[PDB]
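To begin, one chain is listed below as structure tokens, in the form deposited in one PDB entry.
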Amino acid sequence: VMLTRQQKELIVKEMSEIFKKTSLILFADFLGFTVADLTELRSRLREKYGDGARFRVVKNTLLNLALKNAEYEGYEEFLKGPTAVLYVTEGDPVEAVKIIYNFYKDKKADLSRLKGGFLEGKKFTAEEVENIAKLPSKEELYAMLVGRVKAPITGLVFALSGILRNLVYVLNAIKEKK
């Protein structure tokens, strides 16, 4: 029943070492979900991360210690009720926030159950979850990047040619006075 010192120390050390190397830690209220739901969510995560992401229920007193042993701050608010943790150790972390977001939606669960967490070392609130979940893909962002970098040149060319468009437009705004 009781654990040995050497057992209670490494359990904590393992969790702490993991948290020192995560690009994502998202705190969720998973109470009420079934073992089958846990299986399903884990299956979706594995589909994109292999063993690079995990989702599991962890005793609050354990989460509190591991988070402190690592060097997190302002996390105490995420541990007010029985909490499960979603974390990514390998791979880009945004896809996993997207996956648990959709999953909770697919189960008609209250999205506020998805409290914030930490994304690449930065704290994020429950209100920011959707924003992370709605981010476009890396490929899409790369495409968007091209236009944003070119904006100064596009803006110059549009501004100058606009001078000519002004004339074209005013003439139509008079012609169609029919």
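Throughout, we count residues from 1 along the sequence that is shown.
Relative to one another, 63 to 71 and 142 to 150 have unequal mean CA B-factors, and 63 to 71 is the one with the higher figure. Looking at mean Cα B-factors across 50 to 58 and 121 to 129, the upper value is held by 121 to 129.
Highest CA B-factor among the listed residues (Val157, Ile163, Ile18, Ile25): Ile163. When all modelled residues of the chain are sorted by CA temperature factor, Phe78 is found within the highest third.
The same protein also exists as the form deposited in another entry; that form is not shown, yet it is the one meant from here on.
Each of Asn64, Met144, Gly81, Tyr72 but one sits over 12 positions from any hinge; the one at the hinge between the rigid parts between the shown form and the other one is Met144.
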